[PDB]
Amino acid sequence: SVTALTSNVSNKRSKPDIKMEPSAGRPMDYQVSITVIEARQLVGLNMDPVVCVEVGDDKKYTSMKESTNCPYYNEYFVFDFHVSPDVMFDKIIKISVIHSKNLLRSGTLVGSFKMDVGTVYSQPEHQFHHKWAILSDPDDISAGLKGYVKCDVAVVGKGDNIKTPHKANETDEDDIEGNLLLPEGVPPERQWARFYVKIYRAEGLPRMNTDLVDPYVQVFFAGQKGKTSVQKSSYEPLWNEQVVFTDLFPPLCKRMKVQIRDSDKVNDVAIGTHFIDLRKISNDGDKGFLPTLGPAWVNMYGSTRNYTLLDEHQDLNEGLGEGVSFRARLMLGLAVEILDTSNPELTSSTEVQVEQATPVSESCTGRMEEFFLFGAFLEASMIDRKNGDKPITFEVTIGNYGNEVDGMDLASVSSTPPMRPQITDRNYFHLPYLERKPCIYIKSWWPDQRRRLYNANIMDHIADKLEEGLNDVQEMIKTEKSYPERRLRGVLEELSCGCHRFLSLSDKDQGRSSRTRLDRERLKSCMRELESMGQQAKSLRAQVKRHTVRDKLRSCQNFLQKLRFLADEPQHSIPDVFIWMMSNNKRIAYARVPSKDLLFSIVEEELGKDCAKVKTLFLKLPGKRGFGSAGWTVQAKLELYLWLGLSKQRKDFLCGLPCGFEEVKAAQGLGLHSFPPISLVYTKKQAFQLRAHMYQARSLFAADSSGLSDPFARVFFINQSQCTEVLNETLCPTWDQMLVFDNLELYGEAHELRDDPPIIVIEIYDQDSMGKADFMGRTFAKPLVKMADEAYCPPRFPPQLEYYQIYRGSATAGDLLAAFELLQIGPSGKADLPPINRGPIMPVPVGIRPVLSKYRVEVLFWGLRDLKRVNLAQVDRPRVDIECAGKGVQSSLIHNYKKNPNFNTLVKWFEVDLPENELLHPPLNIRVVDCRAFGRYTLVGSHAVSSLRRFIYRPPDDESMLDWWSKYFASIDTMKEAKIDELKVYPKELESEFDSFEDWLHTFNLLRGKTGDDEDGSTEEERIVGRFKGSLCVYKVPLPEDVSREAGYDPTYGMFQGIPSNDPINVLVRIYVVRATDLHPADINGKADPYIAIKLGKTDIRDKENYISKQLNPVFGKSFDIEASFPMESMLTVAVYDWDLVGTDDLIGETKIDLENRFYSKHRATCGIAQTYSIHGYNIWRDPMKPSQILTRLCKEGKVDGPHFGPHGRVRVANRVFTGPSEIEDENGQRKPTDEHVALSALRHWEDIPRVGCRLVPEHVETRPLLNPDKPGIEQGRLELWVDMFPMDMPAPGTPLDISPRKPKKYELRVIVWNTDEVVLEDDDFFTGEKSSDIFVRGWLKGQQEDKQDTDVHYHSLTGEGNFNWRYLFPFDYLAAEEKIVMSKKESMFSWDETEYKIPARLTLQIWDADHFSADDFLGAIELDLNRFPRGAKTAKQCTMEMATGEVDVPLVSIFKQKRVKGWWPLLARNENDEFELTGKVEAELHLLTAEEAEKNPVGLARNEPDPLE
Ligand SMILES: [Ca+2]
Ligand SMILES: [Ca+2]
Ligand SMILES: [Ca+2]
Ligand SMILES: [Ca+2]
Ligand SMILES: [Ca+2]
Ligand SMILES: [Ca+2]
Ligand SMILES: [Ca+2]
Ligand SMILES: [Ca+2]
Ligand SMILES: [Ca+2]
């Protein structure tokens, strides 16, 4: 399908998206999860490689491996920040190998890899996995590659918790060069380059010292910085100086900080800051180009220009947030010179220098041209009455011109005349400008580079049209309007037409030589990019279909963010336009509108969207005061006309204002034809009347301490506002009410007031007994306007009610079901108004109200679990009420909560009136109270169902020696990428694939207390002090016959079949916690000591003495025994705590399972159903109740025929046939026939049963993420677990699986070193200087402190020869699953407890030259990896350099496969050229034995008995 709709479908145009707190610019919880897996092929002579990872301002060190050139670390570090995304993305990640770090000194740098957080956020999964960090020495350009570090860099934020790959077996033969740590497209041969940032001059500075400023410019790149000279006493300084950075091209930290700063000894402080995002001024590849801009200007914004000793708006000067005023403008430039590393002439340092750059004339940026900003304040209202009833003016200022107080022919005036406001209501004023709308005019001089803002205008105009299409499409998926794919193809068709229009409009007048290096290449790149996105748009039009409108929206959002990235040209010309409320000549509130949407052009695409048009500037509080509780109320709201352009072009600067005005001008400007006025006067005025159809509200903000509201609301429009009736004690008011503002006064015959009406503010208020009315949020609106000649008829009128989204700030706070119609009072008066169908309160007329239809609400009252106290008091007799559309019922009381928490009457029902329109149902309001005597109904909680769509009922249609961990490790290999049976590793919670097991038992949450903001509050779980278990079933009041057949009408149990007994049934519960991954640390060593503590009912189990210490990916393997009674007790946490020596044991994370939903589900989530039956070994069947009898139980409870066992090999459930292996072995291996394999196969085939058919729960290890009340929103880990549920009325549980962690196989390695040859003669003779070598060999498997044994010394070799025949002995533990040697030791010498570790198996033969008086002198080394060491040469002649280089001429051996290898091996060192070379050869005999083979064949140390050596 190709056909499309270019116009807007939904009525989102009457719903503005105005918000004072966009969450993309506010502080947010961000987490950095780093790992250092290993390192390989690093450059250095006998080093101790520590890998240090800094993020931004703090660093965490890895533990020190010793004497290794291919080490292995495998630990986890976690960094926490609560900053805005721009502060977060500018932090630097420096994976740098250092060595020999000690207790007062930093280590010697080997090499560093730099990558900012902005690039490690921008992957498709926000991370790199198993990637190698290319290191390089910063102190020398000519130094080579210094090694590679395996890592998983990863950065996440609160929001979309995007997954990490689960840590399976890692025994891959990985190549470094195929898995380098690089994004898409960057070549790995990154070359040194010098970053010349040329800073020429600045203009327009404010006062900053007292009457004085002393500026300079400081530039930041990748943690390096460099600042120019101090220009003393100059508001228009001049440096013409370049700062010389040097960093590897292309840069992996792609954002630059320029900043003008006042130099001061007392308070050195930022004046302004611009962020040159390098992603748009550079490119890579065949069409790529070097990072460049300039000679061009840039505009910086920040705090208020007036001088203060301390400022709370200091964050805006440092580039954070959005500035409230102009600060300065700075001339800048950039060019990159790629260094020739083979040239010996240049200096070797990459250090930042300052130099005098080549200056350019002022004509290189275009000649100066004069500009003109004109304003006309048509409306001003909703000034906050807490500001006072002082007269209100508005100061407009662009740059510094027009700032009549602080802005260091026509004389410009920028302040409207002061005049008294008039009261609209108790909270808001209106400025009574009436006919005399004031005006301003400003003359400013800026350099003429309008083409930059013209290109940015076309790009951001395309971006605004695409964003309007994105929001329109998204809101019409939500509101379920017809045919989304036509609207997506229509906005994409308009995208292709916009690409074609940009391809034929931005290419004009290319002959201007002032166009810089960035300008021409950026125009060419945007031509190419919009051509390619026209082609991609035409392809994506075919890509979107009937099934993919919800996931190609991600590609459309990618197009939108790329267009916004293209649109923000960092080369600025015209600084922004600022409006400022004034009282007593002091600042209150601000608006900031960018200059390009005000900039004038003949063609519409280059013309700004706000030029010659009226804009609704909702003025915000400046700085920190504009968010949260400090900025709750609307500070002001304008309807302000603004025009910006050339004074040569200002003939049409009055055309967008409403017609019917006359001009009154200043005393120095009387009589001239083109002098702008200081105030208009309107002879034309229209009478108007707006009807606020305020019918309903849903999902509102609870502003009372009972989780409730008394919501009326005040509807605002220009000068008048009225309140609806205060409905008492509901979160869903139904006012059914028409407010009517009469004799309203518009002024002027506006062009298309139908399409752009004045805005309607609506604010909701919770009335209390004090007389206060709490601020329950704010929504915005536009009325549908009928003229006197216009008819009141479909499809336009009447104003059908829609959902208008209320925000208390950044946080969402509900919807209004409301609508508005604005009507002019014509020549006939009120006669041409629409007809009006309780006293003064008028009802909502027909055609506007929802058409009510008769329904029936049948509700299951299952019970209540674990209600908290009402501030001290126990609840023990609760009764549940229902409020829905004026009707409802109340159930029977719980007469004894301490023994039966269930209601006596299980189903109660009533009839109700609900609207025919399927999105217009009110929220059905469960309201559980505590039914005491004397009318003391203390409210327990209230649940408002968001939509009844969940509840509308419609009728249906050795290889045999295997532990546990073999069939865990095989299954984790399956999901990451027939000898072992496999379970199902669920990577998320088991709820997420099984619809949370709420087939009929839907848990509702009893909310009390006020809802939370993002500030000083709580989101969801604190309001849930207790939970209601039950169900709803709402359908149209004729009961269908098929609904009665398949759902059942019982006089006490209606619309709920398959119900179980409500009476208590005892259940034995046991919890296998398998493992955990990615845990949050809780100690000063960067690690945690997790133990599992379980809460359920009366039980309080914590494992204080049996933790799994110092392991961020712990092996738990523990089963805990708990008894609890169902359905009353399922408050179950499988929780993880770090044990501490002093103080309490900190909670790492926890999660809730809610076992009553698991037990009563038709999925049978009581215990896992295995893939294969056995009675023996590791695959032994779990349930005490055998699978044939489980099939019998689920045919009994499920009401289906079966099981029909014939022979032992087949079964029938319903009309299907299932088969399986009839014979099973026991522990002795003999065969017995049984029914259980076929029943287990039938159990895994239960989904395709024709009626009751349900995929039952397999044997799982489900992976629940951890959550913390201290730091919610992000994961504190990925715990993995599965649980048992077996009732006491049925066969009792047997002995559990041996879920103890895997015992390591015991081995011993005996390595006799025979001889050596061709060792280079390092030690000169003390007297004659003849070269020699005191040869002895050093070898170990794990480390120095455990394994190292030293061969005796062959003194004074002549050519490299030597004879030892000295035998090593290394006893070690080993598992072949992860090729990890297992060993328990303490982490430190003051450690309290021991800890299991894992390190790879490797024999490090190393020649050494021994001295009796000093430290040992290195000769050569080979790291023989014990599954990748090369084939040993038969002679010393055959031993060559191919045994370590890239060629495959010597293949590899596993000693665990071969068990005995003789050969000669080379031992290497790196020269000053950083290449490997021969420094010696050794002869060796590696023999590996098991522990029993070593015990039955004992040998002595070195050359002694038993089995002596010569
Ligand atoms: Ca100063
Ligand atoms: Ca209140
Ligand atoms: Ca109240
Ligand atoms: Ca702790
Ligand atoms: Ca601890
Ligand atoms: Ca503690
Ligand atoms: Ca020596
Ligand atoms: Ca020596
Ligand atoms: Ca020495």
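In the deposited numbering, the protein residues as written are 239 to 448, 464 to 661, 695 to 1123, 1130 to 1249, 1317 to 1336, 1398 to 1930. Where a beta carbon is used, it is the ideal one built from N, C-alpha and C, also for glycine.
- Query: Within 8 Å: the Cβ of residue 991 and any heavy atom of ligand 2?
  - Reply: yes
- Excluding sequence positions up to five away, which residues of its chain have a Cβ less than 8 Å from the Cβ of residue 1561? The answer, listed in chain order, is 1812.
- Message: Quick check on this structure: which residue in 378, 374, 394 has the alpha carbon closest to the alpha carbon of residue 385?
- Response: 374
- Message: For residue 1073, which residues in the same chain have their Cβ closer than 7 Å to its Cβ, ignoring the five residues on either side in sequence?
- Response: 1110
- When a residue counts only if its C-beta is closer than 7 Å to some heavy atom of ligand 1, which residues count, in chain order? This criterion selects 446, 447, 465, 466, 467, 515, 516, 517.
- Going by the beta-carbon positions, is the gap between residue 717 and residue 634 smaller than 9 Å? yes
- Message: So if DSSP puts residue 1101 in a beta bridge, which residue, or which two residues, is it bridged to?
- Response: The partner list for residue 1101 (beta bridge, DSSP) reads 984, 1091.
- Task: Would you kindly check if the distance between the Cβ of residue 1161 and the Cβ of residue 1456 is under 9 Å?
- Result: Taking C-beta atoms as the reference points, residue 1456 and residue 1161 fail to come closer than 9 Å.
- Using a threshold of 8 Å, is the CB atom of residue 1060 nearer than that to any non-hydrogen atom of ligand 2? yes
- Query: Rounded to a whole number of angstroms, what is the C-alpha to C-alpha distance between residue 763 and residue 977?
  - Reply: Distance between the alpha carbons of residue 763 and residue 977: 29 Å.
- Could you tell me which uninterrupted beta strand (DSSP E) segments, each at least 3 residues in length, are contained entirely in the segment 399-426, listed from first to last along the chain? Within the segment 399-426, no complete beta strand (DSSP E) run reaches 3 residues.
- Task: Report the rounded CA-to-CA distance for residue 1873 versus residue 1901, giving the unit in angstroms.
- Result: 19 Å
- Item | Burial state of residue 570 (16 or more Cβ within 10 Å) | buried
- Would you please state the rounded distance, in angstroms, between the beta carbons of residue 1085 and residue 1107? I believe it to be under 8 Å. 4 Å
- Would you be able to state if there are at least three C-beta pairs under 8 Å between the segment 1542-1557 and the segment 1150-1158? yes
- Three-pair Cβ contact test at 8 Å for the segment 766-782 versus the segment 863-876: no
- Just the residues with CB closer than 5 Å to a heavy atom of ligand 6, in chain order, which are they? 1560, 1563, 1564, 1566
- Opposite residue 1794 in the DSSP bridges: which residues? In the DSSP output, where bridge partners are listed per residue, residue 1794 has 1725.
- Query: Would you call the CB atoms of residue 1703 and residue 1489 closer than 9 Å?
  - Reply: Yes, Cβ-Cβ distance for residue 1703 and residue 1489 is below 9 Å.
- Query: Can you name, in chain order, every residue of its own chain whose Cβ lies under 6 Å from the Cβ of residue 523, other than the five neighbours on each side?
  - Reply: Hits under 6 Å: 512, 514, 570, 571.
- Item | With 16 other Cβ atoms within 10 Å as the buried cut-off, status of residue 1051 | buried
- State the DSSP-derived secondary structure class of residue 868, mapped to helix, strand or coil. strand
- Taking only the alpha-carbon atoms, compute the straight-line gap between residue 1544 and residue 1501 and give it to the nearest angstrom. Each residue's Cα considered, the two are about 32 Å apart.
- Message: Tell me whether residue 354, by its Cβ, gets closer than 8 Å to a heavy atom of ligand 8.
- Response: Because no heavy atom of ligand 8 lies under 8 Å away, the Cβ of residue 354 does not count as near it: no.
- Query: What do you get for residue 1651, buried or exposed, if any count of 16 or more other CB atoms within 10 angstroms of its CB means buried?
  - Reply: exposed
- Can residue 1743 be considered in contact with ligand 8, in the sense that its beta carbon sits closer than 8 Å to one or more heavy atoms? Yes; taking the cut-off as 8 Å, the Cβ of residue 1743 has a heavy atom of ligand 8 nearer than that.
- Query: Among 1471, 1795, 532, which residue has its Cα nearest to the Cα of residue 804?
  - Reply: Closest by alpha carbon: 532.
- Which residue or residues does DSSP assign as beta-bridge partners of residue 578? Residue 578 pairs with 555.
- Query: Should residue 1829 be listed as close to ligand 8, given that the test is whether its C-beta is under 8 Å from any heavy atom?
  - Reply: Yes, ligand 8 has a heavy atom inside 8 Å of this Cβ.
- Query: Taking Cβ to Cβ, would you say residue 558 is nearer than 9 Å to residue 501?
  - Reply: no
- Can you grab the Cα-Cα spacing for the pair residue 905 / residue 1061, in whole Å? 18 Å
- Task: Check whether the Cβ of residue 1770 lies closer than 8 Å to any heavy atom of ligand 7, and answer yes or no.
- Result: no
- Message: If I measure Cβ to Cβ from residue 1852 and keep anything under 7 Å in the same chain, skipping five residues before and after, which residues do I get?
- Response: 1881, 1882, 1883, 1884, 1885
- Message: Here's the rule: buried if 16 or more other CB atoms are within 10 angstroms of the residue's CB, otherwise exposed. What is residue 1656?
- Response: buried
- Message: Considering just the uninterrupted stretch of the alpha helix (DSSP H) at residue 1464, what are its terminal residues?
- Response: 1461-1467
- Task: Kindly indicate which three-state DSSP category residue 327 falls into: helix, strand or coil?
- Result: DSSP places residue 327 in helix when its eight states are reduced to three.
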